Amino acid sequence: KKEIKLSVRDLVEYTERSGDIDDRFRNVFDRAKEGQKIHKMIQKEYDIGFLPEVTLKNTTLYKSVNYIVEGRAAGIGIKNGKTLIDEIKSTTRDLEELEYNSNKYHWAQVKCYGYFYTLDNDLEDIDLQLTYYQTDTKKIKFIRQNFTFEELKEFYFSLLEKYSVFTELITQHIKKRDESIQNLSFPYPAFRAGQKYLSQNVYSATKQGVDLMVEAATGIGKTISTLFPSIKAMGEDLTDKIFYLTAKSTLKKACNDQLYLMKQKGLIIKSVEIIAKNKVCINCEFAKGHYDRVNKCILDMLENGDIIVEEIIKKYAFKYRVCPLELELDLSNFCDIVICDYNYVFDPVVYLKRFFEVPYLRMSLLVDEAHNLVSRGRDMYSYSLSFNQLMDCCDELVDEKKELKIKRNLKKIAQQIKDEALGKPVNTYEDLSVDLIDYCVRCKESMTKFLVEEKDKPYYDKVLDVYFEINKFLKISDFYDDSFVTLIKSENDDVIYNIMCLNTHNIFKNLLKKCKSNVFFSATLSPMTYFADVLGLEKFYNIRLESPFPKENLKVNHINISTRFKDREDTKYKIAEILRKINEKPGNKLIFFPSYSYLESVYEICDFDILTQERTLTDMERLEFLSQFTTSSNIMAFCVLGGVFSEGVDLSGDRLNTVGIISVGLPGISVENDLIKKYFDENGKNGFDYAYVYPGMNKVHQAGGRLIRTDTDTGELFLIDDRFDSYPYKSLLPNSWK
DNA sequence: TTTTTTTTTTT
Ligand SMILES: Nc1ncnc2c1ncn2[C@@H]1O[C@H](COP(=O)(O)OP(=O)(O)NP(=O)(O)O)[C@@H](O)[C@H]1O
Ligand code: SF4
């Protein structure tokens, strides 16, 4: 009844940690596919006897606790008469710096595998080996040592004793947590309309291990209707960790608020909110010694903490002088609910490697406002290189031998970009440039040694940047397949070399299979088959719940006036007349435009007071703008589709009574959107509908939902575009708006 | 045939 499930990597991480952060080497820009090619070549040099990728498992009773531990060896078999266990690892360190215990974590892991194999095969001795390789050089080194069963047993039991401090707190928390969840009731007086159907579908998806897409209108309560069923499934041992993913830092409060309410009702749970490094930094000196003190801060927080938020993290981090970022990544290993941005799961650079590399746990994702993951998902797998930045770094170097080789490598990359441009303002290529990748790798090797010996140099920051850009550019290039294209733009006195991800379906799908359950939900997720396709869902269930509000409180007026780009200057006065008549109505009014250029054009011919939105608006200014939407003002406001005021605004009651939308929201025709249109055309999809209509109409959907926020709120919606009564736009309009 | 605004976490 005392059981703790753990990976060998997680056991060694908390038992062998020591020293400072810079002593531990982390390459988050490692090209994995290239490394896996080296990994496979090493395993091809094995024998039919040396079996590869062998899973090793062990259950050991220690301190009355059953430690169920699992790991995977890269190879096991008899070699030279002795059984050999081989582990393959990528390294950025020099091979000469690699020796018997150079990396304690690596050798602790292979020793655990040895104890497992020796015990199950009556072996008395085993040879343990670490095969190290550098992905950019393909250089390989081997370190082989012999170990006795008794020595391995003593080492393994030592690691268990070091982890015992955590095991206990975890065991007691799981008992109290499941008890609280089993006795926990819906934290509100009664279920609202759709809540029972939504919760049941979320609970079933988590229990069966399936992907569920949900379009739920305002008023149904998407946060509690997703979190409560997910937490209940945790209390019934159906999932181990819940991830609440947000597209903006503001949306994390809703999840913490619902958890606070359930705590009041008896819920015993541990949650952590991950905050970006540049936001949780207290005020680097904690880096020295961090790994010698981080475990005790964790034990204090796990024992005395529940819902962990930014303030608490910084307090304990300052208290124990540990880096707050590394603290919170650690806490997420020991928390039940992880609240964090999409990047921590889907981005290739910052994803939580501890969880989404080799999952040994059941993970359930709750993706809030998933409509936002389409554009953002493409940005995570797209990157650029700029000729000007590379050349400007060259003009800072001072001809010193070390800087000269870097200056040369930078010029090679710059010339390769200019050559691939072919004197064309826009150039495209289906395949990735091997030469550009080769030049980027060489430049990286040349700058590495300088970065470690010249921090005093005054242009170090500029040189560190181009290093980051080329590193990240190389990392994105590892994903390049036939859902990518090369685009080279020659404008603004710069040649910008871009690797663009046109579709994230394959990459995201290979990520969602590592989780047990996935729930994508938003108020605007139409059509759900489009969003499912682009975000990697292949086998799934779709639930569309409509407004739980009275249909007599909303009045929708379609106005058939052409807003096509070629007719805007001709139809602007008709729009100005409609808006002037709207201005006569009582209450405040939000009028949305597809572009700033349209907003200013209509604004000019409007002879009445109008509050407009400017491109650059600080947080305070944004609060001032919305503050003028008093319940006693009579303000007409001009805003932009897809802008900061199209999402989030909660102008309830009489702060807003009229919303007007001027286009079907089509994105500006562009070469970026044309490549996306052509990709989907050549893959069996309506390209225009994928690149233009569906994102467009979804923006209309966003802005119109600013109007009715409560079942008491009433208002008028104005849809001004002859396309709102044409296909396919009318089908994409909400049923209440037609 | 069709005409854009803007968040996130990374050295
Ligand atoms: N059964 C319920 N009874 C009372 N209040 C509830 C109930 N369910 C949810 N709520 C509350 O109603 C609000 C719903 O918030 P949330 O789920 O974030 O948005 P929503 O209602 O889905 N609207 P939106 O996000 O704009 O589409 C919160 O204040 C909840 O606490
Ligand atoms: S305390 Fe701040 S500067 Fe120091 S390691 Fe942590 S995040 Fe970096």
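Only this structure's heavy atoms are used, side chains among them; waters, hydrogens and symmetry mates stay out. Below, read A as the first sequence line, B as the second, and so on, with proteins coming before strands; counting in each chain starts at 1.
- Looking at heavy-atom distances under 4.0 Å, A/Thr246 makes no contact with the nucleic acid at all.
- Residues A/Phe346 and A/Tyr381 place their aromatic rings such that the two centres sit no closer than 6.0 Å.
- Backbone-only contact: A/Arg723 has heavy atoms under 4.0 Å from sugar-phosphate atoms and none from a base.
- The residue A/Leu451 sits apart from the nucleic acid: no heavy atom pair falls under 4.0 Å.
- At a threshold of 4.0 angstrom between heavy atoms, the contacts of A/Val644 are confined to the sugar-phosphate backbone, with no base atom among them.
- Counting any heavy atom pair closer than 4.0 Å across all strands shown, A/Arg376 reaches a base atom.
- Both cation-pi conditions hold for A/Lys353 and A/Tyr351: the charged atom is under 6.0 angstrom from the six-membered ring centre and inside a 45 degree cone around its axis.
- A/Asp341 comes within contact range of the sugar-phosphate backbone alone, with a heavy-atom separation under 4.0 Å but no base atom that close.
- Adjacent nucleotides B/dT6 and B/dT7 fail the stacking criterion: their six-membered base rings are not both under 5.5 Å apart at the centres and under 30° between the planes.
- Heavy-atom contacts of chain A under 4.0 Å fall on DNA chain B between two terminal nucleotides, which in 5' to 3' order are B/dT2 to B/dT11.
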Report task. With side-chain contact (heavy atoms from CB on, under 4.5 Å) as the test, would you mind laying out the steps for A/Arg723 and A/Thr563 before giving the verdict? Result -> CA-CA 9 Å; A/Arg723 290 173 286 183; A/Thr563 61; 3.2 Å; yes
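- Counting non-hydrogen atoms under 4.0 angstrom, A/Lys472 reaches a base of the nucleic acid.
- Ranked by how close their nearest DNA chain B nucleotide is to the 5' end, A/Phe565 and A/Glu614 are led by A/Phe565.
- When heavy atoms are screened at a 4.0 angstrom cut-off, A/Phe688 is found touching base atoms of the nucleic acid.
- Counting non-hydrogen atoms under 4.0 angstrom, A/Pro667 reaches a base of the nucleic acid.
- Contacts of residues 496-509 of chain A with DNA chain B (heavy atom under 4.0 Å): none.
- A/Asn673 comes within 4.0 angstrom of a base, heavy atoms only.
- A/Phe243 has its ring centre less than 6.0 Å from the ring centre of A/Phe356.
- Taking the ring centre of A/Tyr727 as origin, the terminal cationic atom of A/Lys730 falls inside the region bounded by 6.0 Å and 45° from the ring axis.
- Within the 4.5 Å cutoff, the side chain of A/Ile308 has no heavy atoms near those of the A/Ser271 side chain.
- Here A/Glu369 lies out of heavy-atom contact (under 4.0 Å) with every strand.
- Heavy-atom contacts from other residues, nucleotides or ligands closer than 6.0 Å to CG of A/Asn283 number 12 or fewer.
- Annotation: cation-pi pair A/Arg615/A/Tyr596 absent, no NZ/CZ under 6.0 Å from the ring centroid and within 45° of its normal.
- Checking side-chain atoms of A/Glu328 against main-chain N and O of A/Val272 turns up no donor-acceptor pair under 3.5 Å.
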